[PDB]
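[1] What would the 3D arrangement of this be:
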Amino acid sequence: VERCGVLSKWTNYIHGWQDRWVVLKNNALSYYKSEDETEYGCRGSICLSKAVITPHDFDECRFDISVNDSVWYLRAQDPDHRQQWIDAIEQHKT
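    Numbers count the residues shown, from 1 in each chain. For reference, the structure is listed below:
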């Protein structure tokens, strides 16, 4: 299953943090400007084959997805844990 949710982080403006729509499915992570996704097309997309799930420093539930130096600061929504990403990618990957 895809993890589809909004991630509050900057898009273009350094102080222009907004809710961007991220989807983790198939074996790729894709993000759009916001939850309206489809009309935005695609803003970014990485392949979860060598994208390392890096546990964040100060955060216990935040996980930085790093591939091609593209660091995706993800986090467990609230009732979630790391295993969301693990199980998802593990069940998506080849």
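
[2] so who does the closest residue to residue 88 other than its chain neighbours touch?
    Leaving aside its sequence neighbours, residue 88 sits nearest to residue 24 (Cβ to Cβ, 6 or more residues apart in numbering; 5.3 Å). Quick note: C-beta positions are derived from backbone N, CA and C, even for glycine. Contacts for residue 24 (Cβ atoms under 8 Å, 6 or more residues apart in numbering) come out as 2-4, 48, 85, 88-89, 92.

[3] Which members of those residues occur in helices, if any?
    85, 88-89, 92 (DSSP state H).

[4] export the contacts of residue 24 to CSV and tack on distance to residue 29?
    Below are the contacts of residue 24 laid out as CSV (distance: Cβ to Cβ, whole Å):
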residue, distance to residue 29
2, 9
3, 8
4, 11
48, 6
85, 9
88, 9
89, 9
92, 10
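
[5] quick one: the nearest residue to residue 71 once chain neighbours are set aside from residue 40, how far?
    Among residues not flanking residue 71 along the chain, residue 64 sits closest, at 5.1 Å (Cβ to Cβ, 6+ apart). In this view, residue 64 and residue 40 are 23 Å apart by Cβ to Cβ, to the nearest Å.

[6] now residue 72, what's its secondary structure?
    At residue 72, secondary structure determined by DSSP: H, G, I helix; E, B strand; the rest coil is strand.

[7] Which element, helix or strand, includes the closest residue to it other than its chain neighbours?
    Take residue 72 and drop its neighbours on the chain: the residue closest to it by Cβ to Cβ, 6+ apart is residue 65, 3.8 Å away. Using DSSP states H and E, residue 65 maps to strand 62-67.

[8] go on, residue 8?
    strand 3-10.

[9] ok, the next helix or strand after that strand: who's next to it in the sheet?
    Of the helices and strands lying after strand 3-10 in sequence (DSSP H and E), the nearest is strand 17-25. Using DSSP bridges, the strands paired with strand 17-25 are strand 3-10 (antiparallel), strand 28-32 (antiparallel).
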